[PDB]
Amino acid sequence: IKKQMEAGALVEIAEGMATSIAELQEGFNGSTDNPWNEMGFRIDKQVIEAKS
Amino acid sequence: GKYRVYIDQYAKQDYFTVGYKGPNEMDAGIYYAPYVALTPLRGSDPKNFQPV
């Protein structure tokens, strides 16, 4: 894939959402399938014991 | 002298209607009893946050 990008066949893109498919997300006027994208966070511990 | 006239905006062909209405409210021929006036309601579905 990295070889293809150098040749210009594939180029990275970052686009927005069309203002007609963005206003109606998860319901509203007769929409059927358009879930939002969400986030979150996890938090975990780490133990340690001494020796002699 | 006697009669009171009200114009029918959305009249069909040419009709004129005569009717009676006594001073006492009970002498009407048809009763229009309102129970509760317009009760406003507002909300927002969390699936899309769009006001309703």
# chains A, B, ... in the order shown; residues from 1 in each chain; ligands from 1

$ residues_around --residues "residue 17 (chain B)" --least-positions-apart "5" --cutoff "10 Å" --atoms "only C-alpha atoms" --output "VMD selection string"
chain B and resid 5 to 6 8

$ write_last_selection --atoms "C-alpha atoms" --output "short mmCIF file (atom, residue, chain, number, x, y, z; two decimals), in the first residue's frame"
data_model
loop_
_atom_site.label_atom_id
_atom_site.label_comp_id
_atom_site.auth_asym_id
_atom_site.auth_seq_id
_atom_site.Cartn_x
_atom_site.Cartn_y
_atom_site.Cartn_z
CA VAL B 5 -74.57 39.06 9.54
CA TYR B 6 -71.41 36.97 9.25
CA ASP B 8 -68.80 32.73 5.01
#

$ select_by_dssp --residues "chain A" --states "helix (DSSP H, G or I)" --output "count of residues only"
5

$ closest_atom_pairs --of "chain A" --to "chain B" --cutoff "9 Å" --atoms "only C-alpha atoms" --output "CSV"
residue,atom,partner,partner_atom,distance
A:23,CA,B:48,CA,8.1
A:24,CA,B:48,CA,6.9
A:25,CA,B:48,CA,5.6
A:26,CA,B:47,CA,5.5
A:27,CA,B:48,CA,6.2
A:28,CA,B:48,CA,6.7
A:35,CA,B:47,CA,8.7
A:36,CA,B:47,CA,8.5

$ atom_distance --atom1 "CA of residue 4 (chain B)" --atom2 "CA of residue 29 (chain B)"
16.8 Å

$ decode --residues "region 23-34 of chain B" --atoms "N, CA and C atoms" --output "PDB file, in the first residue's frame"
ATOM      1  N   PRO B  23     -80.418  34.984  24.644  1.00  0.00           N
ATOM      2  CA  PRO B  23     -79.467  35.638  25.553  1.00  0.00           C
ATOM      3  C   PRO B  23     -78.842  34.670  26.537  1.00  0.00           C
ATOM      4  N   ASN B  24     -79.634  33.766  27.103  1.00  0.00           N
ATOM      5  CA  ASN B  24     -79.083  32.724  27.955  1.00  0.00           C
ATOM      6  C   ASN B  24     -78.207  31.793  27.129  1.00  0.00           C
ATOM      7  N   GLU B  25     -77.053  31.424  27.688  1.00  0.00           N
ATOM      8  CA  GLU B  25     -76.092  30.616  26.946  1.00  0.00           C
ATOM      9  C   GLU B  25     -76.647  29.256  26.551  1.00  0.00           C
ATOM     10  N   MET B  26     -77.632  28.741  27.283  1.00  0.00           N
ATOM     11  CA  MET B  26     -78.135  27.402  27.015  1.00  0.00           C
ATOM     12  C   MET B  26     -79.024  27.336  25.780  1.00  0.00           C
ATOM     13  N   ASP B  27     -79.527  28.471  25.294  1.00  0.00           N
ATOM     14  CA  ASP B  27     -80.434  28.483  24.145  1.00  0.00           C
ATOM     15  C   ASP B  27     -79.629  28.779  22.883  1.00  0.00           C
ATOM     16  N   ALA B  28     -78.960  27.745  22.379  1.00  0.00           N
ATOM     17  CA  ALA B  28     -78.065  27.894  21.239  1.00  0.00           C
ATOM     18  C   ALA B  28     -78.451  27.029  20.051  1.00  0.00           C
ATOM     19  N   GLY B  29     -78.745  25.753  20.275  1.00  0.00           N
ATOM     20  CA  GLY B  29     -78.878  24.786  19.212  1.00  0.00           C
ATOM     21  C   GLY B  29     -77.620  23.989  18.947  1.00  0.00           C
ATOM     22  N   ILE B  30     -76.473  24.479  19.409  1.00  0.00           N
ATOM     23  CA  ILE B  30     -75.210  23.756  19.340  1.00  0.00           C
ATOM     24  C   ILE B  30     -74.280  24.341  20.393  1.00  0.00           C
ATOM     25  N   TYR B  31     -73.623  23.481  21.164  1.00  0.00           N
ATOM     26  CA  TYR B  31     -72.785  23.905  22.276  1.00  0.00           C
ATOM     27  C   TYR B  31     -71.324  23.621  21.964  1.00  0.00           C
ATOM     28  N   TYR B  32     -70.475  24.624  22.163  1.00  0.00           N
ATOM     29  CA  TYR B  32     -69.030  24.496  21.985  1.00  0.00           C
ATOM     30  C   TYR B  32     -68.380  24.718  23.344  1.00  0.00           C
ATOM     31  N   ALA B  33     -68.040  23.627  24.027  1.00  0.00           N
ATOM     32  CA  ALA B  33     -67.496  23.713  25.371  1.00  0.00           C
ATOM     33  C   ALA B  33     -65.998  23.468  25.335  1.00  0.00           C
ATOM     34  N   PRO B  34     -65.166  24.492  25.491  1.00  0.00           N
ATOM     35  CA  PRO B  34     -63.723  24.262  25.583  1.00  0.00           C
ATOM     36  C   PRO B  34     -63.340  23.747  26.960  1.00  0.00           C
TER      37      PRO B  34
END
